[PDB]
Structures are given as structure tokens and as C-alpha cells.
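Report on one structure; see the data block that follows.
As C-alpha cells, this is what we get:
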């Protein structure tokens, strides 16, 4: 699956440059959240995790108003 | 090497329940605009305007849908 090994350490939303949310289906039974950081890394995050929900929301708001 | 990935944005009605993937690319040196691309279950990809109020709600709803699966 795309989100087996997720990244578990909190970081500031300012480093997120792209967001991809993939719905669970023919590929994985889990909904995937993948971020591309300014340093080039693509991390899978756990959408149930609270810090992830806050960080993703912050990024979205910024991207929609930038 | 790539530039903007969303020059023209889609505004025709569609069913949000068909959204399978959402991709948000913030503006920067590559593209003056933020791109919101959604891929539907019928294989279509629509670029939507991030400044449009109805688009923000659609994206917001899909996220919530994500963290509650």
C-alpha cells in the first residue's frame, strides 16, 4: 500500500509544498495522505492523527489564499 | 522543467462523491497560481479554481471524508 510506513514526527506546515489525498480502493483499503516538502521528500501521513489534520488544514488555507 | 499544471480551470457541474484523488500544488516560482486537481472515478481530471468559495468547501469536505474513513 501507499501508506504503510507513515511519517510520525510533527513538522510545521510551512515546509509542505504539495498535498495528495488518495481515497481507499483498488490499491489500498486506506485513505492516503502524501505531502511533498520543500526539500523534495514525499511523506505519507496518518489522516487519523490530530497533528496531521491540523497541519494539512493550515497548508490548504495558505495555498487557497496565496 | 515543468510550469503550471492547471492553466484552464473546470466549472461544469460534477458529483463530488466521485472524487478519488485530490492534489493541491501551492504557487511558487514554477507557477503563479495554486492548482487544485481532482481525479474522478471515471478517469477524468478537473482543475478547479482555489479562490472559488464552492471549491474550497468541496476540497474541505473531501478531506473530512478522508480522516473519517
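Chains as they are written, first to last, in UniProt numbering: chain A, 34 to 99; chain B, 31 to 99. Cβ coordinates follow ideal geometry from the N, Cα and C atoms, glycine included.
Contact defined as beta carbons within less than 8 Å: I believe residue 51 of chain A pairs with residue 69 of chain A. What is the distance between those atoms, to the nearest angstrom? 4 Å
Assuming residue 36 of chain B contacts residue 67 of chain B (C-beta within less than 8 Å), just tell me the rounded distance between them. 6 Å
Can you give me the Cβ contacts of residue 85 of chain A inside the same chain, cut-off strictly under 8 Å, excluding the 5 residues immediately before and after it? 66, 78, 79
Suppose you measure from the CA of residue 62 of chain B to the CA of residue 59 of chain A; what does that come to, to the nearest Å? 35 Å
Starting from residue 62 of chain B, find everything on chain A with Cβ-Cβ shorter than 7 Å and list it in chain order. Per Cβ cutoff of 7 Å: no residues; residue 62 of chain B is ~10 Å from chain A at best.
Using the three-state DSSP reduction, which class does residue 91 of chain A fall into: helix, strand or coil? helix
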